[PDB]
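1. Sequence plus experimental coordinates follow:
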Amino acid sequence: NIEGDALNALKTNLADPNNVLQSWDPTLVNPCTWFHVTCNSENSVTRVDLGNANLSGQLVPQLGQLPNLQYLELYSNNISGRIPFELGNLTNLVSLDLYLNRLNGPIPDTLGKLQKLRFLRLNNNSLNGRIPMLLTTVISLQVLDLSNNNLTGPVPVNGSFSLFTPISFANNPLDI
Ligand SMILES: *[C@@H]1O[C@H](CO)[C@@H](O[C@@H]2O[C@H](CO)[C@@H](O[C@@H]3O[C@H](CO)[C@@H](O)[C@H](O)[C@@H]3O)[C@H](O)[C@H]2NC(C)=O)[C@H](O)[C@H]1NC(C)=O
Ligand SMILES: *[C@@H]1O[C@H](CO)[C@@H](O)[C@H](O)[C@H]1NC(C)=O
Ligand SMILES: *[C@@H]1O[C@H](CO)[C@@H](O)[C@H](O)[C@H]1NC(C)=O
Ligand SMILES: *[C@@H]1O[C@H](CO)[C@@H](O)[C@H](O)[C@H]1NC(C)=O
Ligand SMILES: *[C@@H]1O[C@H](CO)[C@@H](O)[C@H](O)[C@H]1NC(C)=O
């Protein structure tokens, strides 16, 4: 019921134009039959897929309470807000895709605490800050896309970031 409560909290702080969040009701024993949410055995949420679904609102600081989460996809939406710090508690995240959204703030350093991810896409956003230094600490990352964002500071070209081409990140106030 804790995961259901977290997803209900996410629903409350979000607005649905097409009404793609109606099936979410907390009365059920598990969130497994919920639409756009994928389960695994022993009823734990492992995917949260919402693409071009017109959602508008702000991210929720209770999204990080789903321990067994993977493949979080909230892209192409008018989600206006700041990336929460609680994402650092997702020890099993794989792909975090947030592109063509409108999210402000910096990229948290604690996002690098996730040691097992491979995809991290943040495109066409308006984020104010510099690239976190600790993101070098992950060696499983395969593709990175931080472009068309208010990015400033230096460019890390050591460790894993030493492998990705600079043409991945561009159109920023400061790239050097
Ligand atoms: C890739 O390069 C970046 C910087 O270009 C490295 O980040 C830096 O890592 C060093 C440790 O090697 C950090 O130094 C530490 O700073 C803290 C205070 O922040 C201090 O208490 C410690 O005693 C230590 O001196 C440094 O802060 C950090 N950031 C910057 C901007 O320098 C990163 O570790 C490199 N990754 C590699 C080599 O895999
Ligand atoms: C919902 O998304 C569609 C694109 O599939 C778009 O044409 C429509 O205008 C959107 N609805 C609203 C209210 O913005
Ligand atoms: C929501 O996003 C669409 C992009 O397709 C945009 O046209 C629309 O103005 C946005 N709604 C706002 C900013 O209220
Ligand atoms: C979840 O993340 C927050 C933000 O860093 C942290 O304070 C909290 O301790 C984390 N939860 C657990 C159970 O460690
Ligand atoms: C980002 O916005 C530009 C226009 O400013 C647009 O040309 C580009 O296609 C957008 N990025 C993506 C991935 O669609």
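-> Arrived safely, thanks for sending. Residues are numbered from 1 along each chain as shown. Ligands and ions are numbered 1, 2, ... in the order given.
2. hey, let's count contacts and neighbours off CA atoms from now on
-> Will do.
3. Please name the residues that touch the residue nearest in space to the middle of the chain.
-> In the chain, the C-alpha nearest the mean C-alpha coordinate belongs to residue 96, at 4.3 Å (C-alpha atoms, centre = their mean). Contacts for residue 96 (C-alpha atoms under 8 Å, 6 or more residues apart in numbering) come out as 71-73, 119-121.
4. Sort out for me which of the residues you listed are in strands.
-> In strands, judged by DSSP state E, the following of these are found: 72-73, 119-121.
5. from those residues, which are also near ligand 1?
-> Among the ones in strands among the contacts of residue 96, no residue sits close to ligand 1 (C-alpha under 6 Å from any ligand atom).
6. Switch those over to JSON lines; also include distance to ligand 4 and neighbour count.
-> Below are these laid out as JSON lines (distance: C-alpha to the nearest ligand atom, whole Å; neighbours: other C-alpha atoms under 10 Å):
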{"residue": "72", "distance to ligand 4": "17", "neighbour count": "18"}
{"residue": "73", "distance to ligand 4": "20", "neighbour count": "17"}
{"residue": "119", "distance to ligand 4": "21", "neighbour count": "17"}
{"residue": "120", "distance to ligand 4": "19", "neighbour count": "18"}
{"residue": "121", "distance to ligand 4": "21", "neighbour count": "18"}
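7. What is the nearest of those residues to residue 105?
-> Within the ones in strands among the contacts of residue 96, the smallest distance to residue 105 is 15.8 Å, found for residue 121 (C-alpha to C-alpha).
8. thinking the closest one is in contact with residue 98, fair?
-> Yes: using C-alpha atoms under 8 Å, residue 121 is in contact with residue 98, at 6.0 Å.
9. and the gap between residue 102 and residue 69?
-> 23 Å (C-alpha to C-alpha, to the nearest Å).
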